[PDB]
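Presented below is the structure to which this report refers.
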Amino acid sequence: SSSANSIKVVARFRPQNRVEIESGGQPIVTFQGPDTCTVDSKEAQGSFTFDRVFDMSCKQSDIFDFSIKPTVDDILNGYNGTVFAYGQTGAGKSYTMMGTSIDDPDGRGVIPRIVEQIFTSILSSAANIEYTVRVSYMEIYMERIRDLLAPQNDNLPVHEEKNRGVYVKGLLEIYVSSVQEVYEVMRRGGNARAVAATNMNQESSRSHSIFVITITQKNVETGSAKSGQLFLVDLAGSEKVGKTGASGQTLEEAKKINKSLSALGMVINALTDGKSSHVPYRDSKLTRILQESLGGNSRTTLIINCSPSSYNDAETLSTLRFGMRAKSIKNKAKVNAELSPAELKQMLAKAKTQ
Ligand SMILES: Nc1ncnc2c1ncn2[C@@H]1O[C@H](COP(=O)(O)OP(=O)(O)O)[C@@H](O)[C@H]1O
Ligand SMILES: [Mg+2]
């Protein structure tokens, strides 16, 4: 499947919230198939079809079992991937990625469920396959990278080499040998995020959070070893900045519009246009770090979080369309994992009989 490596887009509608409900908000979204929805409102109207659409009744386990679980199998097999949670503030990005509390069984989101599955597979693997797992947790705000596991470092640099790709130099990576150790890592990172949001004059809705899991596996009988990494991204709010509606700071720092949550849109536009191979990954550190996830070597899933309320019809339409544009993007289908071959040949040479 060299072309079936398209970006998966799933839409998730949460129930209306208090402000919508008590402001005269009404449902404007109807569901057709398990992959289609229809909006009918003053500033909406339209029919959209994605790889999957979850209605207001769908629970956390549904999200995971119907569109995320397959991703864990990919990383466990040496493939790289990324899962994005996109949408306006209050749409359900964090709830979907981390959940209300990772300690509330029903309310826990994608990430903790991914970790459980990873350790469950590892533990049931043949003694012949030895695994290693390590995590990183960072936050990007105003184009500055903060290590949520080593908070003092709040301006980490981004580096890049031909023989390695893009990485954050100095980012702490912690080996974890159990579901419990990783869970505490998630709690620590959450704590660090609240600290920044509370004491650093930083808008929590305008920062991106990235959880990185890297799994290495070695077949001790063949001496062959490979790895796969998964980036779990909770993006900043996608609503229009307008520098007029939330008490804007200095008009300069209002470079918010230029930020990654804009660089992401420009990157998506360029890829869907396809007339130029010069995609603007550099417009932001987010898009540089995740450049392979957009048009490169990666199994990518985009979760667009939407409100089903007429109160937020305009933003929900903007989000759906964005999701529609990302849908037509095809990712690079090269470099599998273990030798079998994982395809039909995978030996790009030329001839060289000698
Ligand atoms: N699908 C859902 N079901 C029930 N409550 C939800 C759901 N999705 C989101 N919420 C609630 O949404 C409110 C704000 O959502 P949040 O996930 O913080 O989203 P965002 O990060 O996109 O701002 C929270 O109090 C959250 O628990
Ligand atoms: Mg959030």
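Counting from 2, one number per residue, gives the positions in the sequence shown under full-length UniProt numbering.
Yeah, the Cβ is synthetic: ideal placement off N, Cα and C, and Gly gets one too.
Assign residue i to buried or exposed, taking buried as 16 or more other Cβ atoms, counted over all protein chains shown, within 10 Å of its Cβ.
i, result
"residue 156", "exposed"
"residue 22", "exposed"
"residue 148", "buried"
"residue 348", "exposed"
"residue 320", "buried"
"residue 42", "buried"
"residue 316", "buried"
"residue 293", "buried"
"residue 139", "buried"
"residue 162", "exposed"
"residue 107", "exposed"
"residue 240", "buried"
"residue 210", "buried"
"residue 336", "exposed"
"residue 296", "buried"
In terms of residues, what are the limits of the beta strand (DSSP E) holding residue i?
i, result
"residue 161", "159-162"
"residue 1", "The structure shown does not extend to residue 1, since the chain is modelled only from 2 to 355, so the question has no answer here."
"residue 131", "130-142"
"residue 169", "166-169"
Per DSSP, residue i forms a beta bridge with which residues?
i, result
"residue 394", "There is simply no residue 394 to check, as the chain begins at 2 and stops at 355 in what is shown."
"residue 307", "14"
"residue 30", "40"
"residue 175", "136"
Along the chain, where does the alpha helix (DSSP H) that runs through residue i open and close?
i, result
"residue 190", "180-200"
"residue 263", "261-274"
"residue 120", "111-124"
"residue 322", "314-328"
"residue 146", "Segment 145-148 is the beta strand (DSSP E) holding residue 146; no alpha helix (DSSP H) there."
"residue 20", "19-22"
Quick one: what does DSSP say residue i is sitting in, helix, strand or coil?
i, result
"residue 302", "strand"
"residue 244", "coil"
"residue 203", "coil"
"residue 292", "coil"
"residue 80", "coil"
"residue 62", "helix"
"residue 97", "helix"
"residue 286", "helix"
"residue 51", "coil"
"residue 333", "coil"
"residue 9", "strand"
"residue 219", "strand"
"residue 227", "strand"
"residue 258", "helix"
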